[PDB]
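Quick note: residue numbers are just sequence positions, from 1. Indexing begins at 1, ligand by ligand and atom by atom, following the structure's order.
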Amino acid sequence: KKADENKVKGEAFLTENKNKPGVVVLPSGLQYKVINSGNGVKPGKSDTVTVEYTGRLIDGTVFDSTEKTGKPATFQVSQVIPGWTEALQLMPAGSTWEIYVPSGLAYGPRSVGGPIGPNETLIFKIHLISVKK
Ligand SMILES: C[C@@H](c1ccccn1)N1C[C@H](CO)[C@H]2CCC[C@@H](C1=O)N2S(=O)(=O)c1cc(Cl)cc(Cl)c1
(Lines give C-alpha, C1' and ligand atoms only; values in the text may rest on other atoms or scores of the structure.)
Protein backbone atom coordinates (compact mmCIF):
# COMPACT_ATOMS: atom_id res chain seq x y z
CA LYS A 1 0.00 0.00 0.00
CA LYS A 2 3.00 2.36 0.62
CA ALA A 3 3.86 1.48 -2.87
CA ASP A 4 0.38 2.60 -4.10
CA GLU A 5 0.47 5.85 -2.04
CA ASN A 6 4.04 6.64 -3.14
CA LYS A 7 3.03 6.11 -6.83
CA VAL A 8 0.05 8.53 -6.48
CA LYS A 9 2.10 11.19 -4.58
CA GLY A 10 4.98 10.99 -7.10
CA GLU A 11 2.61 11.21 -10.09
CA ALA A 12 0.91 14.26 -8.52
CA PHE A 13 4.28 15.93 -7.80
CA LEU A 14 5.63 15.42 -11.36
CA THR A 15 2.31 16.54 -12.91
CA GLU A 16 2.43 19.80 -10.85
CA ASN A 17 6.21 20.37 -11.24
CA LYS A 18 6.07 20.20 -15.08
CA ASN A 19 4.08 23.49 -15.04
CA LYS A 20 6.57 25.23 -12.68
CA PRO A 21 8.84 27.92 -14.11
CA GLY A 22 12.22 26.59 -15.39
CA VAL A 23 11.13 22.92 -15.43
CA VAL A 24 12.17 21.15 -18.66
CA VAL A 25 10.45 17.79 -19.31
CA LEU A 26 12.38 15.17 -21.32
CA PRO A 27 10.75 12.37 -23.40
CA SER A 28 11.85 9.89 -20.68
CA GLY A 29 9.76 11.70 -18.04
CA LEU A 30 12.94 13.01 -16.41
CA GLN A 31 12.48 16.71 -15.53
CA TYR A 32 15.21 19.29 -14.75
CA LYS A 33 15.77 22.95 -13.82
CA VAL A 34 19.07 24.80 -14.61
CA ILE A 35 20.40 26.39 -11.35
CA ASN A 36 23.78 27.51 -12.77
CA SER A 37 24.91 26.97 -16.39
CA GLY A 38 28.52 25.80 -16.95
CA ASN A 39 30.64 26.23 -20.12
CA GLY A 40 32.53 22.91 -19.90
CA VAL A 41 32.42 19.61 -21.81
CA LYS A 42 29.40 17.28 -21.52
CA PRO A 43 30.24 13.79 -20.25
CA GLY A 44 29.63 10.71 -22.43
CA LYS A 45 28.08 7.41 -21.24
CA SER A 46 31.56 5.84 -20.69
CA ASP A 47 33.13 8.82 -18.83
CA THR A 48 33.73 9.37 -15.08
CA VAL A 49 32.41 12.56 -13.38
CA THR A 50 33.27 14.33 -10.11
CA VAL A 51 30.15 15.99 -8.63
CA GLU A 52 28.72 17.70 -5.55
CA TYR A 53 25.10 16.56 -4.95
CA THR A 54 22.20 16.39 -2.52
CA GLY A 55 19.33 13.85 -2.88
CA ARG A 56 15.95 14.57 -1.28
CA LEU A 57 12.37 13.28 -1.31
CA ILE A 58 9.27 15.32 -2.32
CA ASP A 59 8.63 16.12 1.40
CA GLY A 60 12.09 17.83 1.37
CA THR A 61 13.90 15.14 3.42
CA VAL A 62 17.59 14.98 2.37
CA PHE A 63 18.70 11.29 2.25
CA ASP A 64 22.21 11.84 0.80
CA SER A 65 24.66 14.79 0.39
CA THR A 66 28.34 15.59 -0.32
CA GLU A 67 27.76 18.87 1.63
CA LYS A 68 30.08 19.54 4.62
CA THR A 69 31.95 16.29 3.74
CA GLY A 70 35.03 18.22 2.52
CA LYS A 71 35.03 16.13 -0.69
CA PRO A 72 33.12 15.64 -4.00
CA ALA A 73 31.92 12.22 -5.25
CA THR A 74 33.15 10.33 -8.37
CA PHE A 75 30.85 8.12 -10.51
CA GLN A 76 31.06 6.23 -13.82
CA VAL A 77 28.17 7.88 -15.83
CA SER A 78 26.52 4.56 -16.84
CA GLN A 79 26.71 2.85 -13.39
CA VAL A 80 24.27 5.22 -11.53
CA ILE A 81 20.43 5.42 -11.72
CA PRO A 82 19.03 5.99 -15.27
CA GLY A 83 17.92 9.53 -14.27
CA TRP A 84 21.55 10.43 -13.44
CA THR A 85 23.02 8.67 -16.53
CA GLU A 86 20.62 10.69 -18.72
CA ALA A 87 20.96 14.08 -16.95
CA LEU A 88 24.78 14.00 -16.68
CA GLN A 89 25.15 13.53 -20.48
CA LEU A 90 23.17 16.81 -21.05
CA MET A 91 25.17 18.87 -18.48
CA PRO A 92 28.18 21.01 -19.45
CA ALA A 93 30.95 20.68 -16.80
CA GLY A 94 30.54 23.54 -14.25
CA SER A 95 26.71 23.29 -14.36
CA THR A 96 24.40 22.91 -11.33
CA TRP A 97 21.03 21.31 -12.24
CA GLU A 98 18.09 20.19 -10.07
CA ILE A 99 16.67 16.93 -11.56
CA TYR A 100 13.24 15.37 -10.72
CA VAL A 101 13.48 11.58 -11.30
CA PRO A 102 10.41 9.38 -11.78
CA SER A 103 10.79 6.07 -9.83
CA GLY A 104 11.06 4.13 -13.13
CA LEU A 105 14.30 6.07 -13.83
CA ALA A 106 15.54 5.45 -10.24
CA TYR A 107 14.90 2.31 -8.07
CA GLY A 108 11.39 1.54 -9.36
CA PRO A 109 8.57 -0.50 -7.68
CA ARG A 110 11.36 -1.67 -5.27
CA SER A 111 9.09 -3.94 -3.11
CA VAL A 112 11.52 -3.36 -0.13
CA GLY A 113 13.11 0.11 0.55
CA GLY A 114 14.93 1.99 3.37
CA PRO A 115 16.20 5.44 2.41
CA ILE A 116 14.25 4.86 -0.90
CA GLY A 117 10.77 3.31 -0.63
CA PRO A 118 8.70 1.72 -3.42
CA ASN A 119 7.74 4.01 -6.39
CA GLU A 120 9.82 6.85 -4.85
CA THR A 121 10.31 10.09 -6.86
CA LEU A 122 13.80 11.53 -6.18
CA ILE A 123 14.97 15.19 -6.41
CA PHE A 124 18.72 15.83 -6.86
CA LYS A 125 20.81 19.01 -6.92
CA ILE A 126 23.87 18.00 -9.05
CA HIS A 127 26.92 20.28 -9.53
CA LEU A 128 29.12 18.71 -12.26
CA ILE A 129 32.66 19.77 -11.26
CA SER A 130 34.72 17.81 -13.85
CA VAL A 131 34.64 15.07 -16.53
CA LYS A 132 37.40 12.50 -17.25
CA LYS A 133 37.55 10.25 -20.34
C1 LIG B 1 25.51 3.90 -7.15
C2 LIG B 1 24.03 3.93 -6.80
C3 LIG B 1 23.68 2.88 -5.77
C4 LIG B 1 24.62 2.02 -5.23
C5 LIG B 1 24.22 1.08 -4.30
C6 LIG B 1 22.90 1.03 -3.92
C7 LIG B 1 22.03 1.92 -4.49
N8 LIG B 1 22.40 2.83 -5.40
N9 LIG B 1 23.60 5.29 -6.39
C10 LIG B 1 23.98 5.73 -5.04
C11 LIG B 1 24.80 7.04 -5.05
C12 LIG B 1 25.72 7.12 -3.85
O13 LIG B 1 26.77 6.17 -4.00
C14 LIG B 1 23.86 8.26 -5.15
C15 LIG B 1 24.31 9.32 -6.16
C16 LIG B 1 24.15 8.85 -7.59
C17 LIG B 1 22.71 8.43 -7.85
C18 LIG B 1 22.28 7.35 -6.87
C19 LIG B 1 22.90 6.02 -7.28
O20 LIG B 1 22.73 5.62 -8.43
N21 LIG B 1 22.48 7.87 -5.51
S22 LIG B 1 21.23 8.16 -4.53
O23 LIG B 1 21.43 9.45 -3.97
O24 LIG B 1 20.05 7.89 -5.28
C25 LIG B 1 21.27 7.02 -3.19
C26 LIG B 1 20.52 5.86 -3.25
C27 LIG B 1 20.54 4.99 -2.19
CL28 LIG B 1 19.61 3.53 -2.27
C29 LIG B 1 21.29 5.24 -1.05
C30 LIG B 1 22.02 6.41 -1.01
CL31 LIG B 1 22.98 6.76 0.39
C32 LIG B 1 22.01 7.31 -2.06
>> Is it the case that the side chains of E120 and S103 hold a donor-acceptor pair, with the cut-off being a distance below 3.5 Å and no angle test?
In response: no
> Looking at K20 and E16, does any basic side-chain N land under 4.0 Å from a carboxylate oxygen?
Replying inline: yes
> What does the list of residues with a heavy atom under 4.0 Å from ligand 1 look like, ordered by chain and number?
Replying inline: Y53, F63, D64, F75, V80, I81, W84, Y107, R110, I116, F124
> Is the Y53-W84 ring centre distance short of 6.0 angstrom?
Replying inline: yes
>> Can you tell me how far apart OG1 (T85) and CD (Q76) are? Round to the nearest 0.5 Å.
In response: 8.0 Å
>> Can you tell whether the side chains of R56 and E98 come within less than 4.0 Å, N to carboxylate O?
In response: yes
>> I'd like to know if the side chain of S37 pairs up with that of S95 as donor and acceptor (distance under 3.5 Å, no hydrogens or angles considered).
In response: no
